[PDB]
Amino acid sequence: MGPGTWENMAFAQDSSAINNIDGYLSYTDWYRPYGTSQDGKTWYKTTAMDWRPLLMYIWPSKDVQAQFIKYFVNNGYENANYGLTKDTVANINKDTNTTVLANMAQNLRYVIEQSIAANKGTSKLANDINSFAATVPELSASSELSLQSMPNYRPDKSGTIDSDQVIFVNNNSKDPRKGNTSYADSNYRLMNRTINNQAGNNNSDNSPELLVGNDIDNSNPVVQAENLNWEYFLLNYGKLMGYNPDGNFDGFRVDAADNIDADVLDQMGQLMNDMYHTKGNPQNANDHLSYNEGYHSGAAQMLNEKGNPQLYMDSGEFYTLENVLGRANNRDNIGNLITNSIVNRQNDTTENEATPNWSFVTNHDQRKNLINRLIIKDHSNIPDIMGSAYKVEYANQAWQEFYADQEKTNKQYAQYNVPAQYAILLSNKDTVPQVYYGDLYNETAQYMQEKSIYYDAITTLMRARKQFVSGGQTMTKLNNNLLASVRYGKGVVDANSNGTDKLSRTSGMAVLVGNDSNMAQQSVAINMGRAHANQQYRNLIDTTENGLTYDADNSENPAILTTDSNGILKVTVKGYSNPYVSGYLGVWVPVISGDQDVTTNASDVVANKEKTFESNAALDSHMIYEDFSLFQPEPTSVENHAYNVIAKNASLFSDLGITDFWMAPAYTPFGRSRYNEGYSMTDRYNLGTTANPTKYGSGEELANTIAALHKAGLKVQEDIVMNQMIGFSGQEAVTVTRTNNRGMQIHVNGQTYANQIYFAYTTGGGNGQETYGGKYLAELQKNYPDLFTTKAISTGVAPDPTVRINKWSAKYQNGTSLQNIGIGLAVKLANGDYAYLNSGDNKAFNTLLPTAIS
C-alpha cells in the first residue's frame, strides 16, 4: 500500500513489537507501530527503537479518550493548526460524536510526534503518559478500592491496612470475556489454616491468612518442602556459603506464626528434631531455642497439644505490664500482674506445668505502633498518611518528640515505669524474657553509639537475674496498689523450703512495685522464705525523688537490711513521680562474696518423651535479646555495620546474661520498603554482599558475627519469614477478587470486583532463589526421609521435594495486598473480550487486538 494511517498498525503480532503480560495487554504499556507522522502527509517507518504508548491509540472508553485529549492539550500539546486548543477541547466528553473524537485523537498523535521530534525522544511523553494515567481511576490506585478512601477513615497505627487485599483464584476459562490464567491455578491455597484451625474445623481463634505483601501459599506441598530447604540453609549458613564455618544459626524466631498454615510449624519442629534430637532431650531442645511471634492466646493450647516444638509468645503479659504500669491515667490494678498472663504467679511452686513461653516489655512492632500514633496525631486530615502519603520527615519529627517525651516525668506518649516493667519481666518464673535493643540504646542513632536513659536500670536487673533469680515465685499485694514478687532461690521450691542446693541460701530476690504515685509512706513486710532467716540483703535498686539509686543514696532504705528469724524483710516505701518511677520500685538480693551463677543445667531437669520445650528451671535460665529496631539507620561506615558492632561487643552480651541472640531478618531488603529492615524482602537466600550489604552488613560479616557470639557462649536465632515476600520485579496476569484479610469477598463504599485479570507483581526471588532454592532437598530426603512421607494436617499429604522453587510466581501465592496499579489496566475490546496476543508460550486464545492497531 501507499503510505498512510494504516501504519498505526502493530509492526508485528508478537512480543518483538507489542508489550504484553502473559498474552494480555496493559493500557500503560507500549508497542511499535509500523510507522508514524508529524502531519498526516509524510509517514516514516519505525526502527526497532521507536515505540509508542498504547494510550495514544487505545482507551478503555470514550470517556477516557476524551480525558486523554483534554489532558494532553492542557499539558504541552496545543496546536491551533490541528484543531487542538484549550477551548476546542474544553467541553469534549463521553457524549462527543465518535468521528470527532477519532479525528481529534489522530490530530493529537501528529502534535505528539512534533513534540517527540522537538525533544529528540520519548522521555517527556513517557512522563506525561504516567501523569495522565494517575488521574484516571481505572488506570491507577483508586479503582483497587482501598478502605483508606472511606468517609472519615481513621488511620491504623500498625502502618498497614489489613483488609486491603486481593486473592488469586483459578481461571481456566475458554470464554474471552473471562480470560484464562491457568498457569497460576492451584489445587491448594488452603487459607486461614492458622493456629487451632489447622485442620479446618476449629476457627475459635479467627486468625487471618493475610497481612501485607505477596502472601505465600504455605499449604502448597512444594512450598512446604522449600521451607525445609530454607531452614536447613539458615541452620548451616556459614558452612554452606564457605564463610565462617561456625557462622550457623541455632534456631528461629518465627515471624507471623499466627498467619501461616500451621503445618509449617509442625514441619520445622520435625526437621530440627531429625537434625538435633530435641524431643525428649531438654539439653538439645534448649540449645536450639525457637520461639513463635503471635498475639493470639489460642496458640498456647495449640503448642501444648503438639508437645511444644516452639515457645508461645505471652502477649498477655505485655498488655498487662502496659495497662498496669505504663499508662499516664486509668491504670489497671497492680494485682493484674499476678493473674493476667499465660502463667498465674500468685504462688508458682511447680515445674513442667506452665506453657513454655517468651515474654517482653517492648519489641520492634510496639515501638512502631507508638511512633505511628504520634505521626497520625501530628498530621491529621491526611487519611492516607500510613499509605502512599507517608513521609520519612514525619517519623523524624515523631522521634525528636519521643526522645524529649521519654525523659519527662509527665510523659504524653512514652511508657511510664519502664524500669519496673523490666523488674517484673526479669524476675518472673516460667518464662524466657526478651529484652529490646531500643530500651538499652537510642535506636535511631548509629548502632550502639548512644545508651538509652534506661540502660543502667535494665542492665543492673539483667546481671542480677543471672546471679540470683531461681526457685519458686510468690506475688502478693501489700496494699491496693503495691505488690512484692519474690523468688525463693535455686533449689528452694516455696516459702517453707530450707533449700536443696549449695546456692539456695545466697540466691532469690524481692521485687517491690507500686503504680500509685501518691501512695502514702508506710512500712511493709516481705516474706523472703524460711530458707532466708537472719540474712543480710543488699539494696540493689531503690526509688528517690529524682530517679533511682544503686547504692541507697537518698532513698527510704539503707544499703543493707536484715531479715528476722522467720525470713521477713521490713521495708519503707512511698509513692514517687519522676522520669523513671510513677509509683514505687525496689529490688533486694542476698549479700554475697564474688561471683554467682544460678543457671540450672538442662541435663538436671525432668525429660519427657512427649515434650520438646518444658517450662522449668533450665528453660527459665535463658534470656532472649532482640538486636534491632525498624528505625535503625543505614550505617555511615563499614565499622558501623550492626554485624561488626555486635561482633566487637560479644563479651558484653554474655556479661549481661543474654543466652539467646535474636537477629533481624537478614534477607536482601526491597529498596522502597518503609524501613529496609528485612521483612519486606526480594531474596530469601542473599543475606548481603561486601558490595551490596543489607542495612546490617554482608553475609560474610554475619557469619563472623554469629561465630563471635558462639565464642562468647551464646546461641543465635534468625527471624524466619514465611508469610510474605515484597518487591517482586516481574508482573504476571492473575485472576483476582477483592477481599478482607481472610480472603472473603467484601464491598467498599458499595463497590467490589471478582474474577478480574490484574497485573500484579508476583515473579522473582533473585539469584539466591535460583541458586539455593531446593538445592538441599535431595540430601534432606536421603538423610531424613520421614520429612517427605509424614502427611501434613491441613492437606493430608507430605511435603513434595520433587519440584524445586527456583523462582516465585502466583501459583505459589494466596494473594497480595493492593499494589496501587489499578484494576482496569487489562485491555478489553469494545465488546468486553480481553485483548490477547497469541505468540510464544501464550496460547489461551487466538490473537485479538483493538481495531486502532491491527
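Residue indices: 1-based, along the sequence shown.
Set 615-623 against 775-783 and average the Cα temperature factors; 775-783 ends up higher. For the pair 150-158 and 584-592, the mean Cα B-factor is higher in 150-158. As recorded in the entry, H747 carries the highest CA temperature factor of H747, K715, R327, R465.
When the C-alpha B-factors of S380, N323, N214, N344 are read from the PDB record, the largest value belongs to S380. When the modelled residues of the chain are ordered by C-alpha B-factor, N336 sits in the lowest third. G35: CA B factor in the highest third of modelled residues in this chain (values from the PDB entry). In this PDB entry, the Cα temperature factor of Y77 sits in the top third of its chain's modelled residues, the highest group. Among the modelled residues of its chain, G438 has a C-alpha B-factor that falls in the lowest third, as given in the PDB entry. Residue-level temperature factors show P176 in the highest third of its chain, judged at the C-alpha atom.
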